[PDB]
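Shown next, in structure tokens, is the structure this report addresses.
Order of appearance sets the numbers: ligands from 1, and atoms from 1 within every ligand. In what follows, chains are A, B, ... by sequence order, proteins preceding strands, each numbered from 1.
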Amino acid sequence: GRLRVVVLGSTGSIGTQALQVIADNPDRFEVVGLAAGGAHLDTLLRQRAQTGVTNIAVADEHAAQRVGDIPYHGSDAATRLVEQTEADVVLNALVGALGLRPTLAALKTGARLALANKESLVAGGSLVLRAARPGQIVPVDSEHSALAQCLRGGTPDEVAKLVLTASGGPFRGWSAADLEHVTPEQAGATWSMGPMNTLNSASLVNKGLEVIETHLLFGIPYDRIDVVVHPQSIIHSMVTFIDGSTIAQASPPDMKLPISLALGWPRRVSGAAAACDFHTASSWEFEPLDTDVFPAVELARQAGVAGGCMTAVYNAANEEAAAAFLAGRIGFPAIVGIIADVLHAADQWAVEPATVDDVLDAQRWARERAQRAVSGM
Amino acid sequence: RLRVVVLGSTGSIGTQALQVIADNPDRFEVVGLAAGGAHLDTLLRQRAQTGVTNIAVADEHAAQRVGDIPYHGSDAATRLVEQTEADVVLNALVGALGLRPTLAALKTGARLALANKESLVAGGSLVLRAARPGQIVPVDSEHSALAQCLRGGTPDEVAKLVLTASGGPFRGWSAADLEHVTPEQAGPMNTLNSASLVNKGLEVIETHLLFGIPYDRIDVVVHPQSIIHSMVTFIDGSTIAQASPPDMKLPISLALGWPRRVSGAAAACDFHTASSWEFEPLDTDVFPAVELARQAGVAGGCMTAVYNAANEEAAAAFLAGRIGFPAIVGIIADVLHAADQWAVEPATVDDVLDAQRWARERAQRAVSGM
Ligand SMILES: NC(=O)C1=CN([C@@H]2O[C@H](COP(=O)(O)OP(=O)(O)OC[C@H]3O[C@@H](n4cnc5c(N)ncnc54)[C@H](OP(=O)(O)O)[C@@H]3O)[C@@H](O)[C@H]2O)C=CC1
Ligand SMILES: O=[P-]([O-])[O-]
Ligand SMILES: O=[P-]([O-])[O-]
Ligand SMILES: [Mn+2]
Ligand SMILES: [Mn+2]
């Protein structure tokens with residue numbers, strides 16, 4: 001039947017692709033809510049106009065000043081819209097830890113949560129797990145989407161390993177010597193998924209973050225979650241079972257596919273994306289990740305094994321470190337060095353967070369600690 | 001603990017199956033062995049190891065040499081099946097001779113772990129009529145892969161099944177080059193059939209019979225590494241694939257243990273070292289055997305038995321130095337072209353035998369004229 005969808009982060013990259021999917025499938029989906037931050041207010045108003053959804057929220061009260069007929073506005077608007085709207089699916093495509101609370105509200109309503117917001121799991125960790133029930137969270141990320149598909153290839157008891165694929169970033173195969181002179185422009189650093197995104201995939205912190213999320217979503221121990229470099233990005237991830245069989249998910253890159261699947265779970269959406277084409281020659285290459293040169297994934301596994309607020313620390317330390325590198329203050333290899341520095345001092349943050357404020361507090365501590373590492377103070 | 005009868009126990013599949021069984025006594029027990037009689041040493045050894053005396057030997061003289069074989073003669077494997085209480089029949093015979101033991105296995109209500117693809121291709125709707133849904137679990141890698149990948153969705157979400165083909169030893173060769181191929185370069189039936197691409201054609205038919213999807217939604221792609229064993233493409237554009245280093249113990253173990261996987265059955269893909277999985281279209285003009293299989297499959301009825309039986313005769317002639325390599329598929333085409341009578345649905349096993357008899361003679365006739 002028709003699923004009722006609240007789209008949080010409607011004006012972002014994931015949120016707009018989801019509305020594409022939804023417009024293309026009015027049989028299967030209906031938008032009943034939209035929420036945005038306020039920075040792209042004009043897009044939200046166009047979206048109100050073109051979908052006819054008046055049930056909309058704007059996080060920034062100051063930006064909400066420009067409109068006058070928003071039923072939900074201010075710091076807790078997305079949360080309140082989630083609380084007050086009857087829905088079957090909440091797509092959380094918000095950016096930053098501000099996505100955490102709307103995630104919790106979504107879980108509490110009993111609606112299915114299509115999760116795009118990284119920090120919900122990476123920072124919110126045990127808060128989100130305590131609040132989620134099985135099958136409630138469906139991941140939007142292509143790796144995690146792939147994993148959920150491949151897991152249909154056996155029972156949980158039959159899983160030997162989860163293998164995430166990684167593009168390798170622009171410095172795939174580079175020596176550590178080469179990495180010493182990397183500049184922001186070489187590493188990426190765009191009108192959409194640009195800024196922080198390209199930097200995390202150049203540094204493989206993005207993979208580290210994905211490894212944590214994989215553990216939290218799927219329950220597989222960190223020592224059985226692998227990463228392989230796969231430059232074409234056709235195989236998005238795979239699962240090795242205990243008999244030696246590997247099941248893999250494959251498609252030409254297009255976020256509309258995992259997005260469509262997150263929305264319609266467990267039923268697939270006819271024509272969401274183009275299939276692989278075996279009418280023409282091609283190849284899928286794999287190479288191991290050099291973990292001496294890129295220890296960002298192993299760092300994440302250490303933070304993840306520590307647990308509690310530690311992955312909040314890991315991510316926050318990264319965000320500060322990358323900023324220092326983007327600002328010319330530090331060298332590229334120093335990004336993961338500062339992250340490790342902060343993690344080594346953070347033993348107090350192994351406790352389980354009780355509240356959102358605990359997560360935010362972990363985050364502030366990591367930033368300050370990383371800031372001191374950058375400045376030598 | 002599953003009671004398993006192993007037909008063709010001395011062969012490549014059979015010995016590997018016994019090893020898997022040997023390695024999991026908690027799950028599997030051999031209760032029967034069938035063999036041709038060409039490898040008595042291997043057979044005696046398996047008897048001593050498994051302690052099974054419930055044994056079928058096809059060759060009368062061979063069975064005589066061994067002594068105390070309860071089933072001997074041409075129908076011995078079939079009689080062993082009919083009389084042995086079993087949960088699983090592993091049919092790892094080679095050739096369309098596997099047809100009767102396959103039908104017998106199905107009638108006993110046991111699971112048919114099928115390595116002998118020929119019996120299904122020949123039997124067609126006859127074998128299907130005899131089977132319960134899911135009674136036939138494939139041992140063939142492609143089909144074992146497809147079965148796993150189909151867990152990726154419900155049937156109405158399936159867009160396409162994609163079989164992988166190694167391309168054989170003569171992948172990339174021209175028709176002209178193929179004229180010179182010797183039996184040594186195509187080196188048993190498996191090996192030759194992989195080279196001629198007839199094996200892929202049989203697998204395309206097996207795909208339609210096992211999974212019930214139309215021939216125009218079954219694709220073939222050449223993948224020379226043979227790591228990806230087959231894939232399913234769903235209507236949303238997602239493809240689910242199965243992959244493992246080539247080792248028949250994996251699909252054997254799964255066919256035996258279905259729906260449960262057997263830990264340690266085989267080595268997994270190793271991503272601690274670099275590799276490349278390549279794909280290219282099949283050169284169908286140089287290798288038309290897969291297209292000939294589809295034409296046979298779409299005609300249906302006893303036509304697929306004809307396709308296989310023609311090949312068996314032609315392959316024998318090639319291996320004997322009587323014809324050239326390209327003449328294998330040429331003869332199949334010639335025999336198929338004359339096989340108008342055989343589009344009828346087989347109603348008994350005799351219908352299938354009749355079609356095969358005709359096709360064999362017709363293939364000898366074509367060998368005569370060249
Ligand atoms: N890796 C592989 O080998 C693969 C095999 N397959 C399929 O599995 C099936 C078995 O192939 P494979 O194991 O390679 O073949 P083999 O030639 O290695 O084995 C054939 C077996 O059948 C026995 N046999 C038993 N009864 C008879 C009889 N009445 N007449 C003739 N032979 C008899 C032979 O015994 P004996 O030798 O003692 O006479 C032998 O054990 C084939 O249909 C093949 O297509 C499919 C995929 C991969
Ligand atoms: O590095 P990419 O796979 O996120
Ligand atoms: O060579 P095989 O894939 O038929
Ligand atoms: Mn990703
Ligand atoms: Mn095969």
Practice prompt. State, without any angle test, whether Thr42(B) and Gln46(B) hold a side-chain donor-acceptor pair at a distance under 3.5 Å.
Written response: no
Worksheet entry | Residues, nucleotides or ligands: over 12 heavy atoms within 6.0 Å of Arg301(A) CZ | yes
Fill in: Within the protein, residues bringing a heavy atom under 4.0 Å of ligand 1, chain by chain
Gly8(B), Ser9(B), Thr10(B), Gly11(B), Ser12(B), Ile13(B), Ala35(B), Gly36(B), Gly37(B), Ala38(B), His39(B), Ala58(B), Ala92(B), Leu93(B), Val94(B), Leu97(B), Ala115(B), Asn116(B), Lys117(B), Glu118(B), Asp140(B), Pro188(B), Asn190(B), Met248(B)
Worksheet item: Do the ring planes of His223(B) and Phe279(B) sit parallel (below 30°), tilted (30 to 60°) or perpendicular (above 60°)?
Response: parallel
Fill in: Around the Mn ion (ligand 4), number of protein N/O/S atoms which are nearer than 2.8 Å
3
Discussion item. Looking at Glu82(B) and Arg79(B), is there a salt bridge between them, counting it only when a charged N and a carboxylate O are closer than 4.0 Å?
Written reply: no
Item to complete: With the side chain counted from C-beta on, respond yes when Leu115(A) and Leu121(A) share a heavy-atom pair under 4.5 Å apart, and no when they do not.
Response: yes
Worksheet entry | Closest heavy-atom pair and its distance - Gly98(B), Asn91(B) | O-ND2, 3.4 Å
Worksheet entry | Distance in Å, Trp258(B) CH2 paired with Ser253(B) OG, rounded so as to fall on 0.5 Å steps | 11.5 Å
Fill in: Ring geometry between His143(B) and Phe211(B) (parallel below 30°, tilted from 30 to 60°, perpendicular above 60°)
parallel
Discussion item. As a quick check of understanding, evaluate side-chain contact (heavy atoms from CB on, under 4.5 Å) for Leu151(A) and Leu162(A), giving each step before the final call.
Written reply: CA-CA 9 Å; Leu151(A) 287 161; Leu162(A) 307 185; 4.2 Å; yes
